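Asks: Could you have a look at this structure, given as structure tokens, before my questions?
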Amino acid sequence: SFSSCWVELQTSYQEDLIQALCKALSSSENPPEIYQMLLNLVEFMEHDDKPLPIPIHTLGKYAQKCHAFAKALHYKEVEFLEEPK
Amino acid sequence: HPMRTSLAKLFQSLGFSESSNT
């Protein structure tokens, strides 16, 4: 359903979806399972079709915050390999 | 906009078929 809505719905509204979803994944850190569900969502979306245009820099720390180290290694290496510090 | 995705898809699929300068 997320894919089928996202393919049709408009840009000014998908950016609203992104800015809502990032606050959902960041603030009010009570549920870990909802964070896991949304990281699995972005995993599926990037896996198949038109990955969500969120920055990898802010994407990386969510996996560490949710203790998703498996995700964290993958989305940290892509940032590291171009430039380290 | 889906125009960028569709236009890039057509250009890619039609350059795939074909497979100094001033």
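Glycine gets a Cβ as well: all are built from the backbone with ideal geometry, and neighbour counts include every protein chain shown. Since every read-out is calculated from the coordinates, none of them should be taken as a lab result.
Asks: Being within 14 Å of another protein chain (Cβ to nearest Cβ) and among the charged types (D, E, K, R) is the filter here; which residues of the range A:24-63 pass it?
Replies: Scanning the range A:24-63 gives A:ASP49, A:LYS50.
Asks: Next question, about the same structure. Please go through the range A:26-69 and give me each residue that is surrounded by fewer than 12 Cβ atoms within 10 Å (Cβ to Cβ), out of contact with any helix residue (DSSP H, G or I) (no Cβ under 8 Å at 6 or more places or on another chain) and farther than 28 Å from B:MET3 by Cα, ordered by number.
Replies: Scanning the range A:26-69 gives A:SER27, A:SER28, A:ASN30, A:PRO31, A:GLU33, A:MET37.
Asks: Which one is nearest to A:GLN10 (Cα to Cα), of the residues in chain B that are assigned to a helix (DSSP H, G or I) and small (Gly, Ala, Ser)?
Replies: My answer is B:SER6.
Asks: In addition: Scan the range A:1-56 residue by residue and report those that are within 11 Å of the chain's Cα centre (by Cα) and assigned to a loop (DSSP other than H, G, I, E, B).
Replies: A:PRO51, A:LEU52, A:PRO53, A:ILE54, A:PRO55
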